[PDB]
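Here is how the chains run, residue by residue.
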Amino acid sequence: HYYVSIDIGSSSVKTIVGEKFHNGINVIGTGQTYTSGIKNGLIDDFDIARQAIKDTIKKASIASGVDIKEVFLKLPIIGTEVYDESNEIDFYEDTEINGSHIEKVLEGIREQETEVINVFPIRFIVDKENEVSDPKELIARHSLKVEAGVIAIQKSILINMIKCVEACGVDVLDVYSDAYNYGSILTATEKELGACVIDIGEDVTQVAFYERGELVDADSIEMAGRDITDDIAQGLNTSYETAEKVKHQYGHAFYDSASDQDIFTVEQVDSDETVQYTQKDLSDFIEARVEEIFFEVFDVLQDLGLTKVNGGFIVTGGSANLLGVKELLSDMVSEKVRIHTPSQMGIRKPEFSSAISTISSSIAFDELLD
Ligand SMILES: Nc1ncnc2c1ncn2[C@@H]1O[C@H](COP(=O)(O)OP(=O)(O)NP(=O)(O)O)[C@@H](O)[C@H]1O
Ligand SMILES: [Cl-]
Ligand SMILES: [Cl-]
Ligand SMILES: [Mg+2]
Ligand SMILES: [Mg+2]
């Protein structure tokens, strides 16, 4: 059937309706609603947040022609913990391992302040000896063990995000931390060599590092697009709103590559007076803040104890639309750099990476467990 994801963002709630193909996802509809009901990745006003989510499901329904009733929810990398764990289940007869057995051994891991939301297999072990990655259709005489990666989140976040969404008359079939979702926007080589995803949104910037095909660790920083706007507003002595517009229209994150011929007029906040500015002027502010964010990212990587980023950097999210971000980052790092943008029609904006990869995740577990 169809897969419906919901990304409850600080700038906009995003919903994608997709269909699973052998080698991909066919997107058949989207919904997007900007709201002030979400701040810093979390619900700021329940009622307003409910309205936006409800409205977005509506938009997604009308656009896809589907009667959305069940959805997969992405969860931000806040109050999150990643760790290892293993579990084993016993058989009392020769058993050909299928999806149900895998679901059961992982389930046990998903057995106080937090709640396990994702449990993915690193490797499986049949009858205390044969170690394999895919144990399907093979025979076990005694057992099936799993060495899994585990993501858990603070109960308060989970409980409130689900309640808010289910208050719009829909069922949350499953939850997917963005820590696991990003695994899907990376190529096999990136996930192997050791790659870092950086999603710069509005209030939150998220970081997730994958290595040897698996998620190693992740975290989030409270510095992103809004902060870029704030500096612009302060610098050009103009309102937040106007600063937001010039950021989209003339924004550039690399001063040297920023243009001078590009000019625009901005009204002042303290006087009827108006002032002229060049893109290079605007870029002074944008580069400074984006640079800071990246330095914040490097600090996260060190605390996480992750020097060495062999697979390169993948930058995505709404602020990734900013010109000069690739230049800026590669100008301060030796490893490869790229901006990820979903390829499907209608969601070809970096802000859609979370929503679309949430579907990739639902599909992955669909194929794993079925
Ligand atoms: N063309 C653009 N140029 C520069 N910035 C942009 C552009 N388009 C969107 N943005 C910024 O992208 C941010 C929102 O992107 P988004 O990835 O959707 O964040 P979010 O997911 O809604 N909220 P969150 O992830 O919780 O921080 C806002 O700060 C926008 O100003
Ligand atoms: Cl075990
Ligand atoms: Cl994806
Ligand atoms: Mg986001
Ligand atoms: Mg907001």
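This deposited entry lists X-ray crystallography as its structure determination method and 2.20 Å as its resolution.

Per the PDB header, the entry is named "Staphylococcus aureus FtsA complexed with AMPPNP". In UniProt, the protein has this text filed under Function: "Cell division protein that is involved in the assembly of the Z ring. May serve as a membrane anchor for the Z ring." Quoted verbatim from the Sequence similarities field of UniProt, the annotation for the protein is "Belongs to the FtsA/MreB family."

J.: How should the packing of helix α6 (residues 225-235) against helix α8 (residues 279-303) be read in this particular structure?
T.: When two helices pack together, their arrangement is captured by the angle between the axes and the distance separating the axes. Running from N to C, α6 and α8 cross one another at 145 degrees; their axes reach a closest spacing of 9 Å. Two packed elements cross with a definite hand, and for α6 against α8 that hand is right-handed. Packed against α6, whose contacting residues are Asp 227, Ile 228, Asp 231, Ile 232 and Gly 235, the element α8 presents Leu 282, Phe 285, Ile 286, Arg 289 and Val 290 at the interface. Of the residues belonging to the contact of α6 with α8, the class tally is six nonpolar, one polar and three charged.

J.: Just to check I follow, could you spell out unusual backbone geometry for this structure?
T.: One can expect most non-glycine residues to show negative phi and most peptide bonds to be in trans. For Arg 212, which is not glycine, the phi dihedral falls at a positive 50 degrees. Positionally, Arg 212 belongs in the loop between β15 (205-211) and β16 (214-221). For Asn 237, which is not a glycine, the phi torsion comes out positive at approximately 50 degrees. Looking at where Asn 237 falls in the secondary structure, it is placed in the loop between α6 and α7 (240-250). Its relative accessible area of 23% is what places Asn 237 among the partly exposed residues.

J.: Explain a negative patch on the surface to me, please; I cannot follow it from the model alone.
T.: Negative charge collects at one region of the surface, where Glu 81, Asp 219, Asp 299 and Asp 303 lie side by side. Among the structural elements, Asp 299 can be located in helix α8.

J.: What's the story with the site of ligand 1 in this structure? I'm lost.
T.: Lining the immediate surroundings of ligand 1 are 21 residues, of which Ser 10, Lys 14, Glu 202, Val 204 and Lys 247 lie closest. One of the backbone N or O atoms of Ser 11 is found 3.1 Å from an oxygen atom in ligand 1. In the model, an oxygen atom of ligand 1 is placed 3.2 Å from a nitrogen or oxygen of the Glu 244 side chain. In the complex, 88% of the free accessible area of ligand 1, which totals 650 Å², lies under the protein chains. Here the element with the most residues in the shell around ligand 1 is α7; it accounts for three residues. For the shell around ligand 1, the domains that each give at least three residues are domain 1 (1-185 + 346-370) and domain 2 (186-345).

J.: Just to check I follow, could you spell out the coordination of the magnesium ion (ligand 5) for this structure?
T.: Ideal geometry at a metal gives 109.5 degrees between four tetrahedral donors and either 90 or 180 degrees between six octahedral ones. Taken together, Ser 10 (O) and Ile 38 (O) make up the protein donors of the magnesium ion (ligand 5), found 2.1 to 2.6 Å from the metal. Of the two residues, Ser 10 is situated in the loop between β1 (2-8) and β2 (12-21) and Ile 38 in strand β4 (residues 38-39); the sequence distance between them amounts to 28 residues. Assigned by exposure class, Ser 10 and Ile 38 land together as buried.

J.: Where do I start with the state of the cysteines in this structure?
T.: When the sulfur atoms of two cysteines share a covalent bond, that bond is a disulfide. Scanning the model with the defined rule gives zero disulfides in all. For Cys 164, which is in no disulfide, the shortest distance to another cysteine sulfur is to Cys 168 and amounts to 6.1 Å. Residue classification places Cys 168 among the buried positions, given a relative accessible area of 11%.

J.: What exactly am I supposed to notice about α8 here?
T.: Working note: α-helix, 3.6 residues per turn, so residues spaced by three or four point in the same direction. The terminal C-alpha atoms of α8, which comprises 25 residues, lie 36 Å apart, in line with the 36 Å expected from a rise of 1.5 Å per residue. At the C-terminal side of α8, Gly 305 shows a positive phi close to 70 degrees.

J.: Looking at this structure, how should I read the domain arrangement of the protein?
T.: Accessible area lost when the parts come together is the quantity often used to give the size of an interface. Assigned domains of the protein: these are domain 1 (1-185 + 346-370) and domain 2 (186-345). Roughly 2600 Å² is buried in total at the junction of domain 1 and domain 2, and carbon and sulfur atoms are behind 55% of that figure. The largest contributions to the domain 1 side of the interface with domain 2 come from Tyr 182, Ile 185 and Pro 350, which together make up 27% of the buried area. Summed over the shared surface of domain 1 and domain 2, the result is zero salt bridges. The tally of links from domain 1 across to domain 2 stands at 16 residue pairs in polar contact.

J.: Just to check I follow, could you spell out the sheet that holds strand β6 (residues 70-75) for this structure?
T.: Strand pairing in a sheet relies on backbone hydrogen bonds, with the paired strands running either antiparallel or parallel. With respect to topology, five strands assemble into an open sheet ordered β3-β2-β1-β6-β13, the strand pairing being mixed. With partners counted over all chains shown, the strands left at the sheet margins are β3 (24-34) and β13 (171-177), one partner each. Sheet twist, expressed as the mean angle between neighbouring strand axes with direction ignored, is 25 degrees. Looking at chain direction, β1 and β6 are connected through two bridges and run parallel. Directly across from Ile 6, in β6, lies its bridge partner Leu 73. Along the sheet, helix α10 (residues 353-369) makes contact with β1, β2, β3, β6 and β13, crossing β1 at roughly 135 degrees.

J.: Which parts of the structure should I look at to understand the packing of helix α1 (residues 46-64) against helix α3 (residues 155-166)?
T.: It is the contact of α1 with α3, at a shortest axis distance of 8 Å, that shows an interaxial angle of 55 degrees. By the criterion of interaxial angle, the relationship of α1 to α3 is oblique. Note on packing geometry: the crossing formed by α1 with α3 is right-handed. Contacts between α1 and α3 pair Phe 46, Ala 49, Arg 50 and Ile 53 from the former with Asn 160, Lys 163, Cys 164 and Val 165 from the latter.

Calculation rules
- Residues numbered from 1 in each chain as written, not as in the entry; some residues may be left out.
- Chains lettered and ligands numbered in written order.
- Heavy atoms only, no water.
- UniProt positions renumbered as here; feature names shortened; annotations may be inferred.
- Axes fitted to C-alpha atoms, helices over the stretch in contact; angles between N-to-C directions.
- Helix = DSSP H or I, 4+ residues; strand = E, 2+ residues; numbered from the N terminus.
- Left-handed = near helix turned anticlockwise from the far one by under 90°.
- Contact = heavy atoms within 4.5 Å.
- Nonpolar A, V, L, I, M, F, W, Y, C, P; charged D, E, K, R; others polar.
- Buried < 20%, exposed > 50% of the residue type's maximum accessible area, 1.4 Å probe, protein only.
- Patch = residues over 30% accessible without salt bridge, like charges linked within 9 Å, V, L, I, M, F, W, Y side chains within 5 Å.
- Areas by Shrake-Rupley, 256 points an atom, 1.4 Å probe, with all protein chains shown as cover.
- Salt bridge = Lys/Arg side-chain N within 4 Å of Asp/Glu carboxyl O.
- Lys, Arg positive; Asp, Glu negative; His and termini not counted.
- Charge placed at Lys NZ, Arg CZ, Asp CG, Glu CD.
- Near = heavy atom within 4 Å.
- Polar contact = N/O pair within 3.5 Å; in protein donor to acceptor, adjacent residues only side chain to side chain.
- Domains from an automatic or database assignment.
- Donors = N, O, S within 2.8 Å, 3.2 Å for Na, K, Ca; no water.
- Disulfide = S-S within 2.5 Å.
- Expected span 1.5 Å × (residues − 1).
- Buried area = accessible area lost by both parts, 1.4 Å probe.
- Pairing = 2+ DSSP bridges.
- Parallel < 35°, antiparallel > 145°, perpendicular 65-115°, else oblique.

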